[PDB]
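**Student:** Please read through the structure below; I'll follow up with questions.
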Amino acid sequence: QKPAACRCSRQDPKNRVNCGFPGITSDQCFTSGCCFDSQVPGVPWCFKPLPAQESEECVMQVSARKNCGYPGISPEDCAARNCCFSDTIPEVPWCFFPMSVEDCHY
C-alpha cells in the first residue's frame, strides 16, 4: 500500500534506502509499500518509507527531531506535553515536537 506522504518527502534523498528490484515501476513501487520519486538524479527512485508513527506529524528523519522533553521522560508524560515519543534509536531525543504536514508531498 502506498505510504503516507511524509514517510516519503521528509527524507533527505541522499539518505534513501533502495526498495524493490531494478526497473520496478512507479505503481509497483507504491503498491509494494515503498516511495517512488523520479525527480532527483543519482539516488534511489524507489525507496523505503520512514517508519510510521502514531500520527503523520510525528514522521521525520531522526536528525530533524526537536527535543520536547528530558532524560527519562515517560511515554505518557511526553504525550501530555503534546509531543511524539520514540525510544528505538540512540542519541536522539525520545520525546520530540511534531511537524504539521503541509510540506509533505509525493
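Each residue's number is its place along the chain shown, starting with 1.
Header says: X-ray crystallography, 2.0 Å.
Just so it is clear, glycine is given a Cβ too, placed from its N, Cα and C backbone atoms.
Below, the features straight out of Swiss-Prot:
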{"type": "DISULFID", "residues": "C6-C104", "note": "disulfide bond"}
{"type": "DOMAIN", "residues": "6-50", "note": "domain 'P-type 1'"}
{"type": "DISULFID", "residues": "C8-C35", "note": "disulfide bond"}
{"type": "DISULFID", "residues": "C19-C34", "note": "disulfide bond"}
{"type": "DISULFID", "residues": "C29-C46", "note": "disulfide bond"}
{"type": "DISULFID", "residues": "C58-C84", "note": "disulfide bond"}
{"type": "DISULFID", "residues": "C68-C83", "note": "disulfide bond"}
{"type": "DISULFID", "residues": "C78-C95", "note": "disulfide bond"}
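So that I understand the layout, could you describe where these features sit and how close they are to other parts?
**Tutor:** There are 23 other CB atoms within 10 A of the CB of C6 (disulfide bond), with all protein chains counted.
Classification of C35 (disulfide bond) by DSSP places it within a strand. In sequence order, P3, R7, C8, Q11, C19, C29, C46, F47, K48, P49, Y106 are the residues near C35 (disulfide bond), counting only same-chain partners six or more apart with C-beta under 8 A.
Taking Cβ-Cβ distances under 8 Å and a sequence gap of 6 or more within the same chain, the neighbours of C34 (disulfide bond) are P3, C19, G20, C46, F47, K48, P49.
Under the DSSP three-state reduction, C29 (disulfide bond) is assigned to helix.
Taking a C-beta cut-off of under 8 Å and a sequence gap of six or more, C58 (disulfide bond) has these contacts in its own chain: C84, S86, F96, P98. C58 (disulfide bond) falls within a helical segment according to DSSP.
Within the same chain, residues at least six positions away from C83 (disulfide bond) with a Cβ under 8 Å of its Cβ are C68, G69, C95, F96, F97, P98.
In three-state terms derived from DSSP, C95 (disulfide bond) belongs to an extended strand segment.
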**Student:** Where among the disulfide-bonded residues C29, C46, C68, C84, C95 do you find the Cβ with the fewest other Cβ atoms within 10 Å?
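**Tutor:** Among the disulfide-bonded residues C29, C46, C68, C84, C95, the lowest count of other Cβ atoms within 10 Å belongs to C68.
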**Student:** Under DSSP, is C84 (disulfide bond) part of a helix or a strand, or is it coil?
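**Tutor:** Note: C84 (disulfide bond) is in a strand by DSSP.
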